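Source file: protein_12.txt (compact mmCIF, C-alpha atoms and all ligand atoms)
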# COMPACT_ATOMS: atom_id res chain seq x y z
CA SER A 24 -28.84 -25.83 6.42
CA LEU A 25 -26.39 -25.32 9.26
CA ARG A 26 -27.15 -27.56 12.25
CA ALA A 27 -26.09 -27.08 15.86
CA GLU A 28 -24.29 -30.43 16.02
CA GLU A 29 -21.82 -28.96 13.50
CA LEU A 30 -20.76 -26.32 16.04
CA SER A 31 -18.36 -26.38 18.98
CA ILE A 32 -18.15 -23.89 21.83
CA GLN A 33 -14.64 -22.52 22.34
CA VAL A 34 -15.36 -20.42 25.45
CA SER A 35 -16.92 -22.77 27.97
CA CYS A 36 -17.26 -20.12 30.67
CA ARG A 37 -19.03 -17.12 29.21
CA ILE A 38 -17.73 -13.72 30.26
CA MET A 39 -20.37 -11.00 30.45
CA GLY A 40 -22.58 -13.30 28.39
CA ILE A 41 -20.02 -13.72 25.59
CA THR A 42 -18.95 -17.01 24.00
CA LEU A 43 -17.16 -18.03 20.81
CA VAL A 44 -18.66 -20.63 18.46
CA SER A 45 -16.78 -22.42 15.69
CA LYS A 46 -17.53 -25.11 13.11
CA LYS A 47 -16.13 -28.56 13.78
CA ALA A 48 -15.28 -28.84 10.09
CA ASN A 49 -12.39 -27.00 8.46
CA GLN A 50 -14.73 -24.55 6.70
CA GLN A 51 -15.92 -21.85 9.10
CA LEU A 52 -18.78 -19.31 9.03
CA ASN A 53 -19.44 -16.35 6.78
CA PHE A 54 -21.23 -13.32 8.26
CA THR A 55 -24.75 -14.61 7.54
CA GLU A 56 -23.87 -18.08 8.82
CA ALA A 57 -22.37 -16.60 11.98
CA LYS A 58 -25.74 -15.07 12.84
CA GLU A 59 -27.43 -18.40 12.16
CA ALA A 60 -24.90 -20.25 14.31
CA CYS A 61 -25.65 -18.08 17.34
CA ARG A 62 -29.42 -18.40 16.77
CA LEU A 63 -29.26 -22.21 16.61
CA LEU A 64 -28.01 -22.04 20.21
CA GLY A 65 -30.55 -19.45 21.29
CA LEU A 66 -27.93 -16.67 21.29
CA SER A 67 -27.46 -13.46 19.29
CA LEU A 68 -24.43 -12.43 17.28
CA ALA A 69 -22.46 -10.26 19.70
CA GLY A 70 -21.89 -6.59 19.06
CA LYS A 71 -18.33 -5.30 19.27
CA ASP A 72 -19.39 -3.22 22.30
CA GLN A 73 -20.53 -6.40 24.06
CA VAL A 74 -17.17 -8.02 23.35
CA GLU A 75 -15.50 -4.91 24.75
CA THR A 76 -17.54 -5.27 27.94
CA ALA A 77 -16.36 -8.87 28.22
CA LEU A 78 -12.73 -7.85 27.67
CA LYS A 79 -13.04 -5.48 30.64
CA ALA A 80 -13.94 -8.60 32.66
CA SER A 81 -10.81 -10.37 31.24
CA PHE A 82 -12.42 -12.17 28.29
CA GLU A 83 -9.59 -13.23 25.97
CA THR A 84 -9.60 -15.41 22.85
CA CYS A 85 -7.18 -16.61 20.19
CA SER A 86 -9.64 -16.97 17.30
CA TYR A 87 -11.00 -14.46 14.82
CA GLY A 88 -14.77 -14.23 14.79
CA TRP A 89 -17.68 -12.26 13.37
CA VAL A 90 -19.58 -9.64 15.37
CA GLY A 91 -22.60 -7.58 14.37
CA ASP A 92 -22.36 -4.95 11.63
CA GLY A 93 -19.77 -6.91 9.69
CA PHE A 94 -16.54 -6.80 11.69
CA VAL A 95 -14.14 -9.64 12.48
CA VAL A 96 -12.61 -9.34 15.94
CA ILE A 97 -10.29 -10.96 18.44
CA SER A 98 -10.18 -10.12 22.18
CA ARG A 99 -6.67 -9.62 23.52
CA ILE A 100 -5.35 -8.74 26.97
CA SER A 101 -1.71 -9.80 26.54
CA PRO A 102 0.29 -9.14 23.36
CA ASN A 103 0.84 -12.35 21.41
CA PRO A 104 2.31 -12.62 17.89
CA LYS A 105 0.19 -15.71 17.23
CA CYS A 106 -3.11 -14.19 18.50
CA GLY A 107 -3.94 -11.00 16.65
CA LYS A 108 -0.34 -10.10 15.79
CA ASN A 109 0.52 -8.62 19.25
CA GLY A 110 -2.44 -6.26 19.31
CA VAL A 111 -4.23 -5.43 22.55
CA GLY A 112 -7.92 -4.65 23.09
CA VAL A 113 -10.83 -5.77 20.99
CA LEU A 114 -9.09 -5.72 17.60
CA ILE A 115 -11.45 -5.00 14.71
CA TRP A 116 -11.18 -5.60 10.95
CA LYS A 117 -13.90 -4.65 8.46
CA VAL A 118 -13.82 -7.75 6.25
CA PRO A 119 -15.83 -8.91 3.18
CA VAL A 120 -18.89 -10.75 4.47
CA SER A 121 -18.18 -13.90 2.43
CA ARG A 122 -15.05 -14.62 4.51
CA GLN A 123 -15.32 -17.51 6.99
CA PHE A 124 -14.50 -17.23 10.70
CA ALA A 125 -15.94 -18.16 14.07
CA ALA A 126 -18.86 -16.27 15.65
CA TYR A 127 -18.91 -14.26 18.88
CA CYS A 128 -22.30 -14.91 20.47
CA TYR A 129 -24.08 -13.07 23.28
CA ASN A 130 -26.31 -14.55 26.03
CA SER A 131 -28.53 -11.92 27.62
CA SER A 132 -29.74 -14.33 30.29
CA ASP A 133 -26.37 -14.57 32.01
CA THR A 134 -26.53 -12.90 35.41
CA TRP A 135 -22.98 -13.89 36.43
CA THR A 136 -19.84 -12.18 35.16
CA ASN A 137 -18.32 -15.64 34.58
CA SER A 138 -21.00 -18.26 33.98
CA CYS A 139 -18.76 -20.83 35.74
CA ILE A 140 -18.24 -18.81 38.94
CA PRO A 141 -21.22 -18.45 41.28
CA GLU A 142 -22.03 -15.10 42.83
CA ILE A 143 -23.48 -14.47 46.26
CA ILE A 144 -27.27 -14.91 46.38
CA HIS A 145 -29.19 -11.84 47.52
CA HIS A 146 -32.48 -12.68 49.17
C1 LIG A 201 -22.82 -17.39 3.23
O1 LIG A 201 -23.00 -18.81 3.23
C2 LIG A 201 -24.31 -19.24 2.81
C3 LIG A 201 -24.34 -20.74 2.93
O2 LIG A 201 -25.18 -21.16 3.99
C4 LIG A 201 -24.59 -18.75 1.38
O3 LIG A 201 -25.92 -19.10 1.02
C5 LIG A 201 -24.42 -17.24 1.30
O4 LIG A 201 -24.55 -16.81 -0.05
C6 LIG A 201 -23.04 -16.83 1.82
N1 LIG A 201 -22.89 -15.39 1.78
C7 LIG A 201 -21.91 -14.77 1.11
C8 LIG A 201 -21.91 -13.27 1.17
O5 LIG A 201 -21.06 -15.39 0.48
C1 LIG A 202 -27.69 -18.39 28.60
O1 LIG A 202 -27.62 -17.97 29.95
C2 LIG A 202 -28.54 -18.61 30.83
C3 LIG A 202 -28.35 -17.97 32.19
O2 LIG A 202 -27.00 -18.08 32.61
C4 LIG A 202 -28.28 -20.11 30.85
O3 LIG A 202 -29.31 -20.74 31.61
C5 LIG A 202 -28.31 -20.67 29.44
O4 LIG A 202 -27.88 -22.03 29.44
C6 LIG A 202 -27.39 -19.88 28.52
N1 LIG A 202 -27.52 -20.37 27.15
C7 LIG A 202 -26.48 -20.53 26.33
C8 LIG A 202 -26.80 -21.08 24.98
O5 LIG A 202 -25.34 -20.21 26.65
Starting from the file, give its structure as structure tokens.
Ligand SMILES: *[C@@H]1O[C@H](CO)[C@@H](O)[C@H](O)[C@H]1NC(C)=O
Ligand SMILES: *[C@@H]1O[C@H](CO)[C@@H](O)[C@H](O)[C@H]1NC(C)=O
Amino acid sequence: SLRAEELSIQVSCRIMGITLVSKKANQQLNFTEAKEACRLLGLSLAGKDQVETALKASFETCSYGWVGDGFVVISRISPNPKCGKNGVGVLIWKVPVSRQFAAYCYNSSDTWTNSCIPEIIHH
């Protein structure tokens, strides 16, 4: 079975709870494996709407990854030919579930917009 030590985290500072998880090996994750990858880390496979919320907080990636309900997405703020072919927004493809990509994962415990930037403590 998939093990967590086979995974690497490509978004070290989660935005609105969202990270991106890839396989260290060349072969990446099909849709079912993407869900398992997030769960091995205690996360859920992100929904496209959760990725959209992160984009509004300036979450941007340059990797295609699975989200819930069988879409592959990339999160783009700036047009880039090499990152989603100059698209902008959360770009969405409905792709056969056997295809292998990264996984967008969601962490509901995050209380900061950027998990690496503290926010003022309210007492
Ligand atoms: C996804 O990969 C797993 C390997 O862990 C395999 O058992 C499963 O059949 C694959 N799903 C598809 C739709 O290819
Ligand atoms: C999820 O978020 C909580 C709160 O920020 C944090 O303690 C935990 O380490 C996070 N887990 C993962 C796998 O990102």
- Task: Using all atoms listed in the file, find each residue with an atom at most 7 Å away from ligand LIG 201 (chain A) and format the answer as a PyMOL selection string.
- Result: chain A and resi 24-25+53-56+120-121
Write out the residues from the selection above, keeping C-alpha atoms, as a CSV table (one decimal), in the coordinates of the input.
chain,number,residue,atom,x,y,z
A,24,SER,CA,-28.8,-25.8,6.4
A,25,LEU,CA,-26.4,-25.3,9.3
A,53,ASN,CA,-19.4,-16.4,6.8
A,54,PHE,CA,-21.2,-13.3,8.3
A,55,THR,CA,-24.8,-14.6,7.5
A,56,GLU,CA,-23.9,-18.1,8.8
A,120,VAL,CA,-18.9,-10.8,4.5
A,121,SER,CA,-18.2,-13.9,2.4
Centre, edges in Å (one decimal): axis-aligned box, ligand LIG 202 (chain A), 8 Å padding on all six sides, as JSON:
{"center_x": -27.3, "center_y": -20.0, "center_z": 28.8, "size_x": 20.0, "size_y": 20.1, "size_z": 23.6}
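Considering only C-alpha atoms and all ligand atoms, the residues that reside within 6 Å of ligand LIG 202 (chain A) can be listed as residues 64, 65, 66, 130, 132, 133 and 134 of chain A.
Going from CA of residue 32 in chain A to CA of residue 137 in chain A covers 15.2 Å.
Residues in contact with residue 58 in chain A at up to 12 Å, not including ones fewer than 6 positions away on its chain and judged by all atoms listed in the file, are residues 25, 44, 45, 52, 64, 65, 66, 67, 68, 69, 70, 88, 89, 90, 91, 92, 93, 120, 124, 125, 126, 127, 128 and 129 of chain A.
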- Could you work out how far CA of residue 46 in chain A lies from CA of residue 135 in chain A, giving the answer in Å with one decimal? 26.4 Å
- Note on the structure: Atom pair CA of residue 31 in chain A + CA of residue 60 in chain A, distance 10.1 Å
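Remark: for residue 39 in chain A, the closest of the candidate residues A:63, A:139, A:57, A:106 is A:139 (distances computed over all atoms listed in the file).
Protein, DNA and RNA residues at most 6 Å from (-9.4, -11.4, 19.4), with all atoms listed in the file, are these: residues 84, 85, 86, 87, 96, 97, 98, 99 and 114 of chain A.
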